[PDB]
Structure formats: structure tokens, C-alpha cells
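Asker: The structure under discussion is supplied below as C-alpha cells; questions concerning it will follow.
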Amino acid sequence: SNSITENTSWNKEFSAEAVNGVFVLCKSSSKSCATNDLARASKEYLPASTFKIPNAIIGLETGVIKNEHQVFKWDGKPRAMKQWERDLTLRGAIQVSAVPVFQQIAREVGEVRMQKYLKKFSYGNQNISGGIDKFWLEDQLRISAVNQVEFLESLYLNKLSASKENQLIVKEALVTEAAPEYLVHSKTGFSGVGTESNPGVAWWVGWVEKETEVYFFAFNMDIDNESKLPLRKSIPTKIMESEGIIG
Amino acid sequence: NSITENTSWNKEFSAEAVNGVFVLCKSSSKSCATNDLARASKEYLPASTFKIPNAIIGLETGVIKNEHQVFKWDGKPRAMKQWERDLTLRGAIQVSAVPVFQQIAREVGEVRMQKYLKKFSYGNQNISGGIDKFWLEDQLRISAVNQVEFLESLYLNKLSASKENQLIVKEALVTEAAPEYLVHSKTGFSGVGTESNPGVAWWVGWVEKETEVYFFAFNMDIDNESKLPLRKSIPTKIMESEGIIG
Ligand SMILES: *C(=O)/C=C/NCC(=O)CCO
Ligand SMILES: *C(=O)/C=C/NCC(=O)CCO
Ligand SMILES: [Cl-]
Ligand SMILES: [Cl-]
């Protein structure tokens, strides 16, 4: 039976940087999750670029993305970021969070199929209103940290409603750190700075394959200044280092 | 097809007094560059680099039941302390857990092992001398060029195995991840032999960088365990100077 507990030993990592946020860490073998804040762990926020994980799976499952070697060609038209003005592989597009590449994937998938897959995946509030290519950036789609770790555990076990081949392709594209004892798969997200009363959200979600154990994690925090952005990885990294998972 | 000799990497070898070869191919195994044409095609014991085909064969035959198979340690002494623990497939590959792969090979058996090495065009395909040590001590031999051809087939999912099984092994071979590139690689060491008949050390793999791919295979004569670090530092310095990694 799945369980969750609230911890306090991680609060010092948040208050030291004056951050309002939540970390959820689940140990696969014990089906046990721990968090610094049960209420915020259940609160649903815009997934932003973390939506690229289900978007990639749906793109492959629908055939919009032909295979793992698919190249997304840049047509030479100006893009919002210098980093996106080039041909990208699936891993390249995921690594730099290339919004235009995923906007085009979502358009070819279409609203009917996108809605079907988000329901099969139990992904957040499953609300894709506001436009087929912006409902995850600044739309109505919301997902909690607890829902993110449930979704990533399904992906890890190849239990999503998609071919094992397509789940394996996305799992390898999400590798961000490799060491002899562990492999980190992760994805960042940032909705924007919002306002002082309504700050934006920053995410870091993923999982760590350490020896024979697997740890699923989801971090989110309020962000009103782009200088705080490095904290989306430093806070969860410091917590997982103190737990002996990475480092 | 062609192999072209590149004298600009000799410095990395002579600075360390190493007798070895580096083979580097961009996009495909059609055009490879090397410091030594003769040694690039010379066949050597694969040692732990054989864990790559052994893992694919184990998955294809069902000996390795699935992606998340745990290889339990029975508690009996193993030749290295890092092998005395339960291991995932990636864990067994990354610490080169010989006894895990010896038991996989025994269960695959000589007939199936021969069939797959023929399908994979894996070196001289000689598995004689003992099903649990042919790649460590006997007559199996493969060249640096044949290693890059085999890894290119794996990269393209063109080996005679399911795409699922090739994807499982490719993920188990990831050894370095950066925003710009992903390195898949495997080390090998036959032992020290003698000053006159040295052992061999390997480093083989590929680098997925932006939209480009680079296949590499390194081997060197080795008669002292103190020289093992060179099997990664020499090819690493060559690929860093080529702007592929670092
Ligand atoms: C996914 O997380 C994409 C993020 N793009 C950048 C922003 O959302 C910030 C806008 O200035
Ligand atoms: C993988 O290449 C493992 C190598 N181990 C060392 C030997 O096989 C020789 C001495 O045990
Ligand atoms: Cl991002
Ligand atoms: Cl080795």
C-alpha cells in the first residue's frame, strides 16, 4: 500500500534560501513517499516544460515522432531562444525545453488524442483548454508533485498506455547525470516570474536508479525572480545528497 | 568504406609510452580515422566489452527475464568486493561483474551463443574453450573497427534482436550525460600477461552530440594494472581535442 509522511529535516534547505516550495521523494521498494509539506505536495501547478515528458510519449505513440533518431529541423525563422535555432534530436529538444518543437508535436497530435492520452496517463486536472499548443505553458493544465511521481513511476515500469519501445525511448532521452552507481533521469520546468502576489512556478522532476533501489522525486517552488532558478536543482540535489542517493 | 591513418593523435600515445590504437568514425562506420591502420583491424580478446553482446543475447533468449531483472548475490566469495551485492543489469555492466555474465553465458549455452555471434558478425566468432570464460581467456578475438561496426548496428537497432532489448542495453551503457551530449561506453581488461605477451585494455562506445554521432574503439597493450587509467584518458584527450566531449 502506497504511503506518504511529512518530514521537517528538509525545511532547513528551503528556509536557508527563503524558498516557498515542496519536495516529494518516494522509495520504490517500500512504496513510501516523504515530503516537507503535504498540502503543497497535493497542490496542482502549471507543469510548464515538465509537460514535455507526456508530450514526447504521445508524439511517439501517435507516430507524429517517427522514432528515437527523428531530427526536428529548424526552418531558419527567428525563435524565442538562441538555443532553439538549430536542428534538434528528441533528447536535444527535451534538454533545452524547445517549446516550438513541442507546440508542433501537440498540433499534429490534436486535441481529441491529447485528451485521450492525458486521461489514460491520469495526468493532472487533464484540462487542455485555452489552445492546443499553449495549454501547458500558461493554460489551465495543472498537476501536483504527488501526481508527477505517480506518473514517473508508471513511466519507469513501462506501465503507461504506450508501447514499451516508446517509454524506453523517452526514458533514455531524460538521462541527465550518469555515475557508476546511479543514473538520474530528470526534467526542469519554469512557467515564468508571475507577480509578487502570484509568483510563477519552477519544477524539477525525475528519478534516480541507485544500486537496486529507485527514487522518484518532484520539486516545485514559487519563483518571482529568474536569479532564483538555480535553486530548483540545488535544493532537491542537497536533500538527495543528505539522503545518500546521489553524490 | 575506408580506414584513414591520422598521425595527429600519436602524441597522446607516445607521451604515455603506450602501444595501442584509437578508431573514431563520424556518422557511420563507412569512414573511420585511426593512429594505426594495421592495429585498427587486428583482433584482440574482448574481455569485459563482451558484456554488451552477452547482455543483448541474455535478453533475446529470455535468460535475462526483463529490463528490471535483479541478479542476486548468493553470498559466496566473488573476485571483487564490488561484485558481492545484488546488481541490476546496468549495475552488473558498470562494475563489469564477470560472475553475473558467466552465469548468463552458461544459461544461453554454446549453440545459442554461436548463432548470435554469427548474426552479430562479432569478430572471429570463436567461442571454444569453455562457455563461461571464452571471452576472458580463450580464442574469441575482435578488432577496434569490428567493435565500432557492432556498436553502430546497436545504435541503429539493426542487430538481430528486438528494438526493446537493444534500447535496454543502450541505456545500461550510458556513462556520461551533459546537456550537449550523451556517452555510451564499456571498458575491458584481459589481465597483465607479460612484458613479451601483454594483456589488452579496451574502451569502446559512442557519443550522441546534438544531431551527430561518433563511434569509438580504443585498445592498448597493458602489462601493469597501474596503466589502466590510460584506457580512458588517451581516447578522452583525443575526443576533447576533436571538440566531441568536454
Ligand atoms: C518550459 O518550462 C519552458 C520554459 N520557457 C521559458 C519560460 O517559460 C520563461 C518565459 O520568460
Ligand atoms: C572485464 O574486462 C573484467 C576484467 N577483469 C579482469 C580479468 O578478466 C583478468 C584478471 O581477472
Ligand atoms: Cl525548462
Ligand atoms: Cl572492465
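Just so we're on the same page: first chain in the C-alpha cells is A, next is B, and so on; residues restart at 1 for each chain, and ligands are numbered from 1 in the order they show up.
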Residues within 12 Å of ligand 2, counting only C-alpha atoms and all ligand atoms: report them as a CSV table (one decimal) with N, CA and C atoms, in the first residue's frame.
Answerer:
chain,number,residue,atom,x,y,z
B,45,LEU,N,41.4,-10.3,-27.7
B,45,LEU,CA,40.3,-10.7,-26.7
B,45,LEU,C,39.5,-9.6,-26.3
B,46,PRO,N,38.1,-9.7,-26.3
B,46,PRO,CA,37.3,-8.5,-26.0
B,46,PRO,C,37.2,-8.2,-24.5
B,47,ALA,N,37.4,-9.3,-23.6
B,47,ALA,CA,37.3,-9.1,-22.1
B,47,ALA,C,35.9,-8.5,-21.8
B,48,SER,N,35.8,-7.6,-20.9
B,48,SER,CA,34.5,-7.1,-20.4
B,48,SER,C,33.7,-6.4,-21.5
B,49,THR,N,34.3,-6.0,-22.7
B,49,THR,CA,33.5,-5.4,-23.7
B,49,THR,C,32.5,-6.4,-24.3
B,50,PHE,N,32.7,-7.7,-24.0
B,50,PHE,CA,31.8,-8.8,-24.5
B,50,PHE,C,30.5,-8.7,-23.7
B,51,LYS,N,30.5,-8.0,-22.6
B,51,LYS,CA,29.2,-7.9,-21.8
B,51,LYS,C,28.1,-7.2,-22.6
B,52,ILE,N,28.5,-6.4,-23.7
B,52,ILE,CA,27.5,-5.8,-24.5
B,52,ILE,C,26.7,-6.9,-25.3
B,78,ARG,N,33.2,-13.6,-4.3
B,78,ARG,CA,33.5,-13.1,-5.7
B,78,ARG,C,34.8,-12.4,-5.8
B,79,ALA,N,35.4,-12.4,-7.0
B,79,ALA,CA,36.8,-11.9,-7.2
B,79,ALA,C,37.0,-10.5,-6.9
B,80,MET,N,35.9,-9.7,-6.8
B,80,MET,CA,36.0,-8.2,-6.5
B,80,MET,C,34.9,-7.9,-5.5
B,83,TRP,N,31.5,-6.8,-6.6
B,83,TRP,CA,30.6,-7.8,-7.2
B,83,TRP,C,29.7,-8.5,-6.2
B,92,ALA,N,25.6,-4.4,-13.1
B,92,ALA,CA,26.5,-5.5,-13.4
B,92,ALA,C,27.4,-5.1,-14.6
B,93,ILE,N,26.9,-4.3,-15.5
B,93,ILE,CA,27.7,-3.8,-16.7
B,93,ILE,C,28.7,-2.8,-16.2
B,94,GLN,N,28.2,-1.8,-15.4
B,94,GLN,CA,29.1,-0.7,-14.9
B,94,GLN,C,30.3,-1.2,-14.0
B,95,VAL,N,30.1,-2.2,-13.2
B,95,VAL,CA,31.2,-2.7,-12.4
B,95,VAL,C,31.8,-3.9,-13.0
B,96,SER,N,31.4,-4.3,-14.3
B,96,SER,CA,32.0,-5.5,-15.0
B,96,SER,C,31.9,-6.7,-14.2
B,97,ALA,N,30.7,-7.0,-13.6
B,97,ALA,CA,30.5,-8.2,-12.7
B,97,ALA,C,30.6,-9.5,-13.5
B,98,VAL,N,31.9,-10.0,-13.7
B,98,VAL,CA,32.1,-11.2,-14.5
B,98,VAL,C,31.2,-12.4,-14.1
B,99,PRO,N,31.1,-12.7,-12.8
B,99,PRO,CA,30.3,-13.9,-12.5
B,99,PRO,C,28.8,-13.8,-12.9
B,100,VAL,N,28.2,-12.6,-12.9
B,100,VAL,CA,26.8,-12.4,-13.4
B,100,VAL,C,26.8,-12.9,-14.8
B,101,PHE,N,27.7,-12.4,-15.6
B,101,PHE,CA,27.8,-12.7,-17.1
B,101,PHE,C,28.2,-14.1,-17.4
B,102,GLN,N,29.0,-14.7,-16.5
B,102,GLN,CA,29.4,-16.1,-16.6
B,102,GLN,C,28.1,-17.0,-16.5
B,132,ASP,N,31.9,-20.3,-20.1
B,132,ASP,CA,31.9,-19.3,-19.1
B,132,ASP,C,33.2,-18.5,-19.0
B,133,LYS,N,34.0,-18.6,-20.0
B,133,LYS,CA,35.3,-17.9,-20.0
B,133,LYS,C,36.0,-17.7,-21.4
B,134,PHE,N,35.3,-18.0,-22.5
B,134,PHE,CA,35.8,-17.9,-23.8
B,134,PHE,C,36.3,-16.4,-24.2
B,135,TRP,N,35.5,-15.4,-23.7
B,135,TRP,CA,35.8,-14.0,-24.0
B,135,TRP,C,36.9,-13.4,-23.1
B,136,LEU,N,37.2,-14.2,-22.0
B,136,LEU,CA,38.2,-13.7,-21.0
B,136,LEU,C,39.6,-14.4,-21.1
B,137,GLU,N,39.6,-15.6,-21.6
B,137,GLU,CA,40.9,-16.4,-21.6
B,137,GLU,C,41.1,-17.2,-22.8
B,138,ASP,N,40.1,-17.4,-23.7
B,138,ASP,CA,40.3,-18.3,-24.8
B,138,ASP,C,40.6,-17.7,-26.2
B,186,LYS,N,31.9,1.2,-22.7
B,186,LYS,CA,32.2,0.0,-21.9
B,186,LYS,C,33.7,-0.3,-21.9
B,187,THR,N,34.3,-0.5,-20.7
B,187,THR,CA,35.7,-0.8,-20.5
B,187,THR,C,35.9,-2.3,-20.6
B,188,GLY,N,37.2,-2.7,-20.8
B,188,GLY,CA,37.6,-4.1,-20.8
B,188,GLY,C,39.1,-4.2,-20.4
B,189,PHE,N,39.5,-5.3,-19.8
B,189,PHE,CA,40.9,-5.6,-19.4
B,189,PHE,C,41.0,-7.1,-19.3
B,190,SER,N,42.0,-7.7,-20.1
B,190,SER,CA,42.1,-9.1,-20.2
B,190,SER,C,43.0,-9.6,-19.0
B,191,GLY,N,43.8,-8.7,-18.4
B,191,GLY,CA,44.8,-9.0,-17.4
B,191,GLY,C,46.1,-8.5,-17.8
B,192,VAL,N,47.2,-8.8,-17.1
B,192,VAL,CA,48.5,-8.2,-17.4
B,192,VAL,C,49.4,-9.0,-18.3
B,193,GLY,N,49.1,-10.3,-18.6
B,193,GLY,CA,50.0,-11.1,-19.4
B,193,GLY,C,51.5,-10.9,-18.9
B,198,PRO,N,51.8,-9.0,-23.6
B,198,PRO,CA,51.0,-8.2,-22.8
B,198,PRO,C,49.5,-8.5,-22.9
B,199,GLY,N,48.7,-8.1,-21.9
B,199,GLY,CA,47.3,-8.2,-22.0
B,199,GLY,C,46.7,-7.0,-22.8
B,200,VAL,N,45.4,-6.9,-22.9
B,200,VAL,CA,44.8,-5.8,-23.6
B,200,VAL,C,43.8,-5.1,-22.8
B,201,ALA,N,43.7,-3.8,-22.9
B,201,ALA,CA,42.7,-3.0,-22.2
B,201,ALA,C,41.9,-2.2,-23.3
B,202,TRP,N,40.6,-2.1,-23.1
B,202,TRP,CA,39.7,-1.5,-24.0
B,202,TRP,C,38.9,-0.4,-23.5
B,203,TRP,N,38.4,0.5,-24.4
B,203,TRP,CA,37.3,1.4,-24.1
B,203,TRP,C,36.6,1.6,-25.4
B,204,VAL,N,35.3,1.2,-25.4
B,204,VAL,CA,34.5,1.3,-26.7
B,204,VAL,C,33.2,2.0,-26.4
B,219,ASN,N,42.1,0.4,-27.9
B,219,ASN,CA,42.7,-0.8,-27.2
B,219,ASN,C,44.2,-0.5,-27.0
B,222,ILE,N,48.9,-3.8,-22.3
B,222,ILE,CA,49.0,-3.5,-20.8
B,222,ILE,C,49.6,-4.6,-20.1
B,223,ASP,N,50.7,-4.4,-19.3
B,223,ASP,CA,51.4,-5.4,-18.6
B,223,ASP,C,51.4,-5.0,-17.1
B,224,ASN,N,50.8,-3.9,-16.7
B,224,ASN,CA,50.7,-3.4,-15.3
B,224,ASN,C,49.4,-2.7,-15.1
B,225,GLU,N,48.7,-3.1,-14.0
B,225,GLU,CA,47.3,-2.6,-13.7
B,225,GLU,C,47.4,-1.1,-13.4
B,228,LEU,N,46.0,1.1,-16.2
B,228,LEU,CA,44.6,1.1,-16.6
B,228,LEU,C,43.9,2.4,-16.9
B,231,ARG,N,43.4,3.8,-20.5
B,231,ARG,CA,42.5,3.3,-21.5
B,231,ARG,C,41.3,4.3,-21.7
Asker: Residues at most 9 Å from residue 100 in chain A, counting only C-alpha atoms, excluding those fewer than 5 positions away in the same chain, as a list in words?
Answerer: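 Skipping anything fewer than 5 positions along the chain leaves residues 79, 80, 84, 105 and 133 of chain A.
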Asker: Please check the contacts: residues of chain A at most 8 Å away from chain B, using only C-alpha atoms, listed as a count of residues only.
Answerer: 21
Asker: List all protein, DNA and RNA residues that have any atom at most 10 Å from ligand 3, counting only C-alpha atoms and all ligand atoms, and write the list as a ChimeraX atom specification.
Answerer: /A:48-50,52,94-99,187-191,202-204,229
Asker: To one decimal in Å, tell me the separation between CA of residue 163 in chain A and CA of residue 157 in chain B.
Answerer: 16.1 Å
Asker: Please list as a list in words every residue within 7 Å of range 3-12 of chain B, counting only C-alpha atoms and excluding residues in the same chain fewer than 3 positions away.
Answerer: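 Result of the neighbour search: residues 15, 16, 31, 32, 33, 34, 35, 36, 37, 234 and 238 of chain B.
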Asker: Convert the current residue selection to file output with C-alpha atoms, as a compact mmCIF listing (two decimals), in the first residue's frame.
Answerer:
# COMPACT_ATOMS: atom_id res chain seq x y z
CA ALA B 15 53.58 10.95 -24.26
CA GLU B 16 52.45 7.91 -22.15
CA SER B 31 34.77 6.29 -42.88
CA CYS B 32 36.97 5.73 -39.78
CA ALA B 33 40.12 7.61 -38.65
CA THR B 34 42.91 5.91 -36.67
CA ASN B 35 46.50 6.41 -35.46
CA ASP B 36 47.40 2.89 -36.75
CA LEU B 37 45.84 1.19 -39.85
CA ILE B 234 44.06 8.79 -24.04
CA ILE B 238 41.68 12.85 -28.35
Asker: From the options B:194, B:153, B:126, B:185, which residue's atoms come nearest to ligand 4, counting only C-alpha atoms and all ligand atoms?
Answerer: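 When distances to ligand 4 are compared using only C-alpha atoms and all ligand atoms, the smallest one comes from B:185.
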Asker: Show which residues sit within 12 Å of residue 16 in chain A, as a JSON list (two decimals) with N, CA, C and O atoms, in the first residue's frame. Count only C-alpha atoms, and ignore same-chain residues fewer than 2 positions away.
Answerer:
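Saved file out-v7.json follows:
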[["chain", "number", "residue", "atom", "x", "y", "z"],
["A", 10, "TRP", "N", 13.96, 18.53, 6.16],
["A", 10, "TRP", "CA", 14.32, 19.17, 4.86],
["A", 10, "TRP", "C", 13.95, 20.66, 4.88],
["A", 10, "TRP", "O", 14.34, 21.37, 3.93],
["A", 11, "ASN", "N", 13.25, 21.12, 5.91],
["A", 11, "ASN", "CA", 12.80, 22.54, 5.97],
["A", 11, "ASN", "C", 14.01, 23.49, 5.94],
["A", 11, "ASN", "O", 13.92, 24.52, 5.25],
["A", 12, "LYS", "N", 15.11, 23.12, 6.61],
["A", 12, "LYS", "CA", 16.32, 24.00, 6.67],
["A", 12, "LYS", "C", 16.86, 24.30, 5.27],
["A", 12, "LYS", "O", 17.44, 25.39, 5.09],
["A", 13, "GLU", "N", 16.66, 23.41, 4.29],
["A", 13, "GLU", "CA", 17.17, 23.59, 2.91],
["A", 13, "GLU", "C", 16.33, 24.65, 2.18],
["A", 13, "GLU", "O", 16.87, 25.33, 1.29],
["A", 14, "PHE", "N", 15.06, 24.79, 2.57],
["A", 14, "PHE", "CA", 14.13, 25.78, 1.95],
["A", 14, "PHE", "C", 14.30, 27.16, 2.62],
["A", 14, "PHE", "O", 14.51, 28.17, 1.90],
["A", 18, "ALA", "N", 15.25, 31.15, 1.63],
["A", 18, "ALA", "CA", 13.95, 31.87, 1.67],
["A", 18, "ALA", "C", 13.04, 31.37, 0.54],
["A", 18, "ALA", "O", 12.44, 32.21, -0.15],
["A", 19, "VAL", "N", 12.90, 30.05, 0.39],
["A", 19, "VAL", "CA", 12.08, 29.49, -0.73],
["A", 19, "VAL", "C", 10.78, 28.88, -0.19],
["A", 19, "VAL", "O", 10.84, 28.16, 0.83],
["A", 20, "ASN", "N", 9.67, 29.17, -0.86],
["A", 20, "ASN", "CA", 8.35, 28.54, -0.61],
["A", 20, "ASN", "C", 8.23, 27.41, -1.64],
["A", 20, "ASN", "O", 8.11, 27.71, -2.84],
["A", 231, "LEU", "N", 18.01, 27.39, -7.86],
["A", 231, "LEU", "CA", 17.56, 26.72, -6.60],
["A", 231, "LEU", "C", 16.65, 25.53, -6.92],
["A", 231, "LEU", "O", 16.53, 24.65, -6.04],
["A", 234, "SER", "N", 19.38, 22.92, -6.98],
["A", 234, "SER", "CA", 20.28, 22.89, -5.80],
["A", 234, "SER", "C", 19.56, 22.39, -4.55],
["A", 234, "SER", "O", 20.15, 21.57, -3.82],
["A", 235, "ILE", "N", 18.30, 22.78, -4.33],
["A", 235, "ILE", "CA", 17.58, 22.36, -3.09],
["A", 235, "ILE", "C", 17.31, 20.85, -3.12],
["A", 235, "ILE", "O", 17.71, 20.12, -2.21],
["A", 238, "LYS", "N", 20.60, 18.92, -2.82],
["A", 238, "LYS", "CA", 21.16, 18.90, -1.44],
["A", 238, "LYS", "C", 20.36, 17.91, -0.59],
["A", 238, "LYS", "O", 20.98, 17.17, 0.20]]
Asker: Give me the residues within 9 Å of residue 61 in chain A as number ranges by chain, counting only C-alpha atoms and dropping any in the same chain fewer than 5 places off.
Answerer: A: 56, 162-163, 166
Asker: DSSP says helix (DSSP H, G or I) for which residues of range 68-133 of chain A? Put them as a PyMOL selection string?
Answerer: chain A and resi 82-84+90-95+99-109+111-120
Asker: Now that the selection is made, can you save its residues with N, CA, C and O atoms as a compact mmCIF listing (two decimals), in the first residue's frame?
Answerer:
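Result file is out_39.txt:
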# COMPACT_ATOMS: atom_id res chain seq x y z
N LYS A 82 17.93 31.59 -28.51
CA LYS A 82 19.13 31.30 -29.34
C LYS A 82 19.35 29.77 -29.39
O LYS A 82 19.61 29.25 -30.50
N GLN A 83 19.22 29.10 -28.24
CA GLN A 83 19.46 27.64 -28.07
C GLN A 83 18.52 26.79 -28.94
O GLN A 83 18.86 25.61 -29.17
N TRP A 84 17.37 27.34 -29.35
CA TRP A 84 16.37 26.56 -30.14
C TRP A 84 16.57 26.74 -31.65
O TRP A 84 15.91 26.01 -32.42
N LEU A 90 15.35 14.23 -30.37
CA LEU A 90 14.34 14.24 -29.28
C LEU A 90 15.03 14.65 -27.98
O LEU A 90 14.50 15.53 -27.28
N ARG A 91 16.20 14.07 -27.69
CA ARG A 91 16.91 14.40 -26.42
C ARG A 91 17.32 15.88 -26.46
O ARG A 91 17.23 16.54 -25.41
N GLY A 92 17.77 16.37 -27.61
CA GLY A 92 18.18 17.78 -27.71
C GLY A 92 17.01 18.70 -27.42
O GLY A 92 17.18 19.61 -26.60
N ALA A 93 15.84 18.40 -28.01
CA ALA A 93 14.62 19.23 -27.83
C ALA A 93 14.17 19.19 -26.36
O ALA A 93 13.71 20.24 -25.84
N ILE A 94 14.28 18.02 -25.73
CA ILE A 94 13.89 17.89 -24.29
C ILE A 94 14.88 18.67 -23.43
O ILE A 94 14.42 19.44 -22.57
N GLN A 95 16.18 18.47 -23.65
CA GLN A 95 17.26 19.10 -22.84
C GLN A 95 17.14 20.63 -22.80
O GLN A 95 17.38 21.19 -21.72
N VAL A 99 10.17 24.75 -26.77
CA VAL A 99 8.69 24.98 -26.84
C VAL A 99 8.16 24.82 -28.27
O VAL A 99 7.20 24.08 -28.48
N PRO A 100 8.72 25.50 -29.30
CA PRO A 100 8.18 25.39 -30.66
C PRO A 100 8.14 23.96 -31.20
O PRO A 100 7.18 23.61 -31.90
N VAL A 101 9.16 23.16 -30.89
CA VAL A 101 9.18 21.74 -31.35
C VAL A 101 7.97 21.02 -30.75
O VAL A 101 7.26 20.31 -31.51
N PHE A 102 7.71 21.23 -29.46
CA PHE A 102 6.60 20.52 -28.77
C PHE A 102 5.26 21.15 -29.16
O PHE A 102 4.25 20.42 -29.20
N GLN A 103 5.24 22.45 -29.46
CA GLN A 103 3.97 23.05 -29.94
C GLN A 103 3.55 22.33 -31.22
O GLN A 103 2.39 21.87 -31.29
N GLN A 104 4.49 22.16 -32.16
CA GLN A 104 4.21 21.47 -33.46
C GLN A 104 3.77 20.02 -33.19
O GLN A 104 2.79 19.57 -33.84
N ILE A 105 4.45 19.32 -32.28
CA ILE A 105 4.05 17.92 -31.94
C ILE A 105 2.60 17.92 -31.45
O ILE A 105 1.80 17.09 -31.95
N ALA A 106 2.26 18.81 -30.51
CA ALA A 106 0.90 18.86 -29.93
C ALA A 106 -0.14 19.14 -31.04
O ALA A 106 -1.21 18.53 -30.99
N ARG A 107 0.20 20.02 -31.98
CA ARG A 107 -0.74 20.36 -33.09
C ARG A 107 -1.07 19.12 -33.92
O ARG A 107 -2.25 18.92 -34.23
N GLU A 108 -0.05 18.33 -34.29
CA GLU A 108 -0.25 17.11 -35.12
C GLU A 108 -0.98 16.06 -34.28
O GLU A 108 -1.79 15.30 -34.85
N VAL A 109 -0.71 16.00 -32.98
CA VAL A 109 -1.43 15.03 -32.11
C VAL A 109 -2.92 15.39 -32.13
O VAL A 109 -3.74 14.49 -32.33
N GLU A 111 -6.33 17.79 -30.35
CA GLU A 111 -7.00 17.86 -29.02
C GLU A 111 -7.63 16.51 -28.63
O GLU A 111 -7.48 16.11 -27.47
N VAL A 112 -8.32 15.84 -29.56
CA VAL A 112 -9.03 14.56 -29.23
C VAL A 112 -8.02 13.52 -28.71
O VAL A 112 -8.28 12.95 -27.63
N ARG A 113 -6.92 13.30 -29.42
CA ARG A 113 -5.92 12.28 -28.99
C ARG A 113 -5.16 12.75 -27.74
O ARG A 113 -4.96 11.93 -26.82
N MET A 114 -4.78 14.03 -27.69
CA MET A 114 -4.08 14.55 -26.49
C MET A 114 -4.94 14.29 -25.24
O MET A 114 -4.40 13.79 -24.22
N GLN A 115 -6.25 14.58 -25.34
CA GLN A 115 -7.19 14.41 -24.21
C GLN A 115 -7.27 12.92 -23.84
O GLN A 115 -7.25 12.61 -22.65
N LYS A 116 -7.33 12.05 -24.85
CA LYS A 116 -7.42 10.58 -24.59
C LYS A 116 -6.20 10.12 -23.78
O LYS A 116 -6.40 9.40 -22.78
N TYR A 117 -4.99 10.49 -24.21
CA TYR A 117 -3.73 10.06 -23.55
C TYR A 117 -3.58 10.67 -22.14
O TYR A 117 -3.17 9.92 -21.24
N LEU A 118 -3.89 11.95 -21.95
CA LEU A 118 -3.77 12.55 -20.60
C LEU A 118 -4.74 11.85 -19.63
O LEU A 118 -4.39 11.72 -18.44
N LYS A 119 -5.88 11.37 -20.13
CA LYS A 119 -6.83 10.60 -19.28
C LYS A 119 -6.21 9.23 -18.98
O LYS A 119 -6.22 8.82 -17.81
N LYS A 120 -5.71 8.54 -20.01
CA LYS A 120 -5.08 7.21 -19.81
C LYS A 120 -3.90 7.36 -18.85
O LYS A 120 -3.73 6.49 -17.99
Asker: Neighbours of residue 6 in chain A within 6 Å (only C-alpha atoms; same-chain residues fewer than 2 positions away dropped), as a PyMOL selection string?
Answerer: chain A and resi 34-36
Asker: Between CA of residue 143 in chain B and CA of residue 59 in chain B, measure the distance and give it in Å to one decimal.
Answerer: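 Separating CA of residue 143 in chain B from CA of residue 59 in chain B is a distance of 24.5 Å.
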Asker: B:104, B:229, B:169, B:236: which is nearest ligand 4, counting only C-alpha atoms and all ligand atoms?
Answerer: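 Among the listed residues, B:229 lies closest to ligand 4.
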Asker: Residues of range 16-206 of chain B in strand (DSSP E) according to DSSP, as a ChimeraX atom specification?
Answerer: /B:20-26,31-34,174-177,181-189,199-206
Asker: Which residues are close to residue 63 in chain B, i.e. within 9 Å by only C-alpha atoms, leaving aside same-chain residues fewer than 4 positions away? Reply as a PyMOL selection string.
Answerer: chain B and resi 57-59+104-105+107-108
Asker: I'd like the interatomic distance between CA of residue 140 in chain A and CA of residue 127 in chain A, to a tenth of an Å.
Answerer: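 Computing it gives 5.6 Å between the two atoms.
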